[PDB]
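Letters A, B, ... mirror the listed sequences (proteins, then strands); counts begin at 1.
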Number of protein chains: 2
Amino acid sequence: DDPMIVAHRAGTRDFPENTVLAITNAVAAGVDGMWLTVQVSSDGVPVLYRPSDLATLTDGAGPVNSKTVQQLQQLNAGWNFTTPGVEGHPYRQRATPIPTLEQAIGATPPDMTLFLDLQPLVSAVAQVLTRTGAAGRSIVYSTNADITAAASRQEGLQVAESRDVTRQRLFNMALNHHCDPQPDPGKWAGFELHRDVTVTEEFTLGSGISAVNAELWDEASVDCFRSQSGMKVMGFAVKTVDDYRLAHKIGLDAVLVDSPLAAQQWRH
Amino acid sequence: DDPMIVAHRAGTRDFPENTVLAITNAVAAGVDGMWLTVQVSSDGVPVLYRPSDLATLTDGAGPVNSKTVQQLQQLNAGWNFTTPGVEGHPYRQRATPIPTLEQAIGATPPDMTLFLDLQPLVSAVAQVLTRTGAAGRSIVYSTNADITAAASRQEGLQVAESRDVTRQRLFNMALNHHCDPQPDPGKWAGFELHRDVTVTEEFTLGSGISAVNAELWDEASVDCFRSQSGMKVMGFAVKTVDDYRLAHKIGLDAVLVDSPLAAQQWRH
Ligand SMILES: [Ca+2]
Ligand SMILES: [Ca+2]
């Protein structure tokens, strides 16, 4: 079958990322999952926002937790969005505000899996997921092992495998062909199809370093993750039709795409 | 056919490394190549010695270039050699002195390839190789790209591919299946069959690190190095019969062994 199409930041190429406008359009484009970046307001309300500073995508400035939710929802998260070839910022005159996580959940249909890329953020997210009943369709992700571990201490939260463990297993497979550590049953794991890394070896005095682009998902590594484990695997940064063809051939459960509209063409 | 058996430091497990006694015994054990570690005396004579300080293997102390060749040749390079299971230091009473590179060359037969693991060292080595006529059967190696480049500026010296380039090609093959950079025609290259490395990826804030053991020589990477290039490839740190079987199966040109006596058993 086909990999799930997951809208990265609700489809950052097509519409202002992490907005309800983008979420609604991504659903309409037929995506199978919704990947959203979550931060918390100064008054403890999870909101959707990816950058470390509000100036990157809005008309405000400062960290998300420097503002109340009422202040954040007045900011236009389409402030800097551009459409290629087209000049100007089309959403400066048609604002797409920062939404709460709760609003985002409500803008998705009951079947749709949410991937939430993330103290007190973890507790605040757990409370929203509990009260809305969306914990059963939401997967908490982080690149940071401390966030993964904190999420796993919250009752009822489904948590992706930590990136440290996923990366270790992928590099063991690529470099020594061992499926180590063992799969973690039932968990989601994800990684880029192409990833710049540095490899370092140590000598008596000094070291040697190589910059290398790693392509870690292949039939063997997918089988290592998934065989007899129930693990599900997602390819990150799936951009080209060639990326999609690779993911399809090797049987990735999901692909993370910036353009749900472009991805529609991969299914007909 | 069989990989060449190359005595690492003249066969460090069997007899005091980098001594004429070890070289002579390694020849008698049927090795096909001789790997020797070269440093230079304060008065410009290349000698065989691997550690940074004389205290590691001799009854003297200090760097090699802190002593004249006359002083170095009085030191017993068997001072700390031990035979497993056997107690004591059997060469404290039967000294194996530090030899000059020139003496080492003379202790090897005219057919034997020398791998010399290395200002003014490079010039001093070039001068010995020129005057003895051994440049045609000697390959200069270093882990350090600056030493490789200096050796390549000396007329008549045969120089192994730099470790930086060999490592880059091996990791490109292992991680993305590209034979990049292209082979360097006619050159020797070498690398361990198993190598501890660290892999680092960078995030917006912070990084992720994995410690991984890399097994970089396989049929595909050997073919990348050797096909239509005339490159010759050596496996370093070949210790077990399983290591030998791998090297043989994939067609490595040579294996670097600490025990020529043990390696004899791999050929009958
Ligand atoms: Ca679903
Ligand atoms: Ca020869």
Side-chain angles (χ1 to χ4, degrees), chain B residues 3-12 14-50 64-65 68-70 72-73 77 96-144 147-163 184-190 230-234 236 253-257 260:
Chain B
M4 287 163 54
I5 304 302
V6 179
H8 185 220
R9 318 176 192 153
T12 178
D14 295 343
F15 294 93
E17 60 174 65
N18 286 315
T19 63
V20 170
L21 180 64
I23 292 165
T24 297
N25 277 101
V27 177
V31 306
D32 306 292
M34 192 69 62
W35 179 289
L36 304 171
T37 325
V38 191
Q39 299 190 57
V40 64
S41 70
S42 71
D43 54 352
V45 180
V47 300
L48 303 193
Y49 194 71
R50 175 262 309 174
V64 174
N65 64 14
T68 64
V69 67
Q70 183 173 342
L72 291 160
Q73 290 184 285
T96 54
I98 295 174
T100 62
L101 174 63
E102 186 151 359
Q103 281 171 318
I105 292 165
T108 60
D111 57 282
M112 194 175 288
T113 305
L114 309 180
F115 298 88
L116 303 182
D117 182 20
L118 273 55
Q119 63 292 290
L121 174 63
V122 166
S123 179
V125 168
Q127 289 173 58
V128 170
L129 291 176
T130 292
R131 188 169 37 76
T132 63
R137 66 181 173 105
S138 301
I139 302 296
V140 175
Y141 183 81
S142 182
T143 61
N144 185 324
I147 296 177
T148 302
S152 290
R153 298 190 287 274
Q154 297 286 330
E155 168 68 20
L157 281 195
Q158 301 187 275
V159 184
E161 176 164 81
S162 74
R163 186 171 184 111
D184 195 351
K187 296 253 177 208
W188 273 98
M231 291 201 85
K232 299 172 177 185
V233 293
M234 183 180 311
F236 296 162
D253 295 277
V255 293
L256 189 53
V257 305

Side-chain heavy atoms of [X] within contact of [Y], under 4.5 Å:
| X | Y | answer |
| --- | --- | --- |
| B:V45 | B:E102 | no |
| B:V64 | B:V47 | yes |
| B:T113 | B:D32 | no |
| B:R163 | B:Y141 | yes |
| B:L114 | B:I139 | no |
| B:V255 | B:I5 | yes |

- Message: Is there a side-chain hydrogen bond (donor to acceptor under 3.5 Å, both in side chains) between B:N18 and B:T37? Walk through the geometry before answering.
- Response: CA-CA 7 Å; B:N18 286 315; B:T37 325; 3.1 Å; yes
How long is the span from the [atom1] atom in [X] to the [atom2] atom in [Y], to the nearest 0.5 Å?
| X | Y | atom1 | atom2 | result |
| --- | --- | --- | --- | --- |
| B:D117 | B:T143 | CG | OG1 | 7.0 Å |
| B:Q127 | B:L101 | CD | CG | 12.0 Å |
| B:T68 | B:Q73 | OG1 | CD | 9.0 Å |
| B:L72 | B:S42 | CG | OG | 7.5 Å |
| B:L129 | B:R137 | CG | CZ | 9.5 Å |
| B:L118 | B:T148 | CG | OG1 | 9.0 Å |

Do you know which two heavy atoms are closest between [X] and [Y], and how far apart they sit?
| X | Y | result |
| --- | --- | --- |
| B:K187 | B:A160 | CD-C, 4.2 Å |
| B:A107 | B:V27 | O-CG2, 4.2 Å |
| B:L116 | B:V125 | CD1-CG1, 4.3 Å |
| B:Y49 | B:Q39 | O-NE2, 2.9 Å |
| B:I23 | B:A104 | CD1-CB, 3.6 Å |
| B:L256 | B:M234 | CB-SD, 4.0 Å |

- Message: Go through it in stages, so that I can follow the logic: the residues are B:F115 and B:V6, the test is side-chain contact (heavy atoms from CB on, under 4.5 Å), and I'd like the CA-CA distance, side-chain angles, deciding distance and then a yes or no.
- Response: CA-CA 9 Å; B:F115 298 88; B:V6 179; 3.9 Å; yes
- Message: For the backbone of B:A149 and the side chain of B:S152, can you confirm whether one donor and one acceptor N or O come within less than 3.5 Å of each other?
- Response: no
- Task: Check the pair B:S41, B:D43 against side-chain hydrogen bond (donor to acceptor under 3.5 Å, both in side chains), reporting the backbone distance first and the verdict last.
- Result: CA-CA 5 Å; B:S41 70; B:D43 54 352; 2.7 Å; yes
- Message: Go through it in stages, so that I can follow the logic: the residues are B:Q154 and B:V140, the test is side-chain contact (heavy atoms from CB on, under 4.5 Å), and I'd like the CA-CA distance, side-chain angles, deciding distance and then a yes or no.
- Response: CA-CA 11 Å; B:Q154 297 286 330; B:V140 175; over 6 Å; no
- Item | Polar contact flag, side-chain donor to acceptor under 3.5 angstrom, B:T12-B:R50 | no
- Item | Audit row: B:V20, B:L48, side-chain contact (heavy atoms from CB on, under 4.5 Å) steps and yes/no | CA-CA 9 Å; B:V20 170; B:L48 303 193; over 6 Å; no
- Quick one: list whatever passes side-chain contact (heavy atoms from CB on, under 4.5 Å) with B:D253, sequence neighbours left out.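 B:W188, B:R226, B:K232, B:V233.
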